[PDB]
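Only one chain is given next, in structure tokens, and it is the form deposited in one PDB entry.
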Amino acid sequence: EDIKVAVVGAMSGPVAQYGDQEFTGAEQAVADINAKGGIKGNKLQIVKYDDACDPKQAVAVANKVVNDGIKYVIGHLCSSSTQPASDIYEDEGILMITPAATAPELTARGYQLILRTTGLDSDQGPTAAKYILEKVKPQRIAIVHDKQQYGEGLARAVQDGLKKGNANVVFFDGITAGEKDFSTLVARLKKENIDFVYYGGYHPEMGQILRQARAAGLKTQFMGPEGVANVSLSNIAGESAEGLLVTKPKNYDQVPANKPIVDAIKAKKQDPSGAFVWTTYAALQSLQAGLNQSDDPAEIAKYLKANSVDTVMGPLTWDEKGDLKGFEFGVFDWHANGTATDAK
């Protein structure tokens, strides 16, 4: 008697790379759980939904999931699309574990049926600021964001921390996502002789900004959130992605204990290096731990906040809001290689 689990993320669109990572992680974890017998004999069955990381299409997905009788949702990914979906799931008694949404607002609303297998930007932001103040110490900072929930929230958090350190923030600018042309911004960085730029947003925009900055002879150092730390950034920017600083989950694919999963994934020619392969795999293991105790959303949610669950990410424990206790983002150097190393 299969147990339906909706996996929802961007499978198409501008940031389909987030979904490629999520589905790869969900697929392998379900393959592993089922291989050992699943949940007390019952196998997990993945039902795939594409919300294109679009708020309107995510609601349409939420309504279909509620309608299809599915009780557990592993997703969505982007915060502004997860928000509206989340509310429909909460009002409807459907558990929702998100492996990528980081805006604080998600777990700040009293929801009793939401959990994350990733951290909060209330931590990610501060970490970038601290690192800039203590290790980079630039002289002329500019901050750019895409006017979206995730990017602006992070951009304002970083501005905040830099001010507390009395750093020199020359300007705070918001750009429109989807635009491929940034000559104006670039010409401005050159003009203001900006030596450091924190960018709050996704890889599509970061990739264009980076290419256009190097093409104009700028050596400006850039830094972005985990949202820009992925192979699609390197695809778009080419060598211009080299040198980029990023905050992002720890390299779980490097944990020696995890090598069997890395191998199984590589054997299907899929990419196991993305952070979301692991948070999603972890989300599936949390749901497994839950389904072993009960099939009822509230019961599962209760049980998770009550226990420490061992996962590919290490032991996980959640607060009453459904956030990971003690989660920490590291700062890394990103390489055109699709590789990432500990930052100085």
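When you see a residue number, it is the position in the sequence shown, counting from 1.
Not on display, but discussed next: the form deposited in another entry.
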property	result
Selected hinge residue, from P249, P297, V186, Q28, for two rigid parts turning between this form and the one not shown	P249
Direction of C-alpha distance change in that other deposited form, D173 to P104 (at least 3 Å)	farther
Closer or farther in that other deposited form: C-alpha pair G161, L316 (3 angstroms or more)	closer
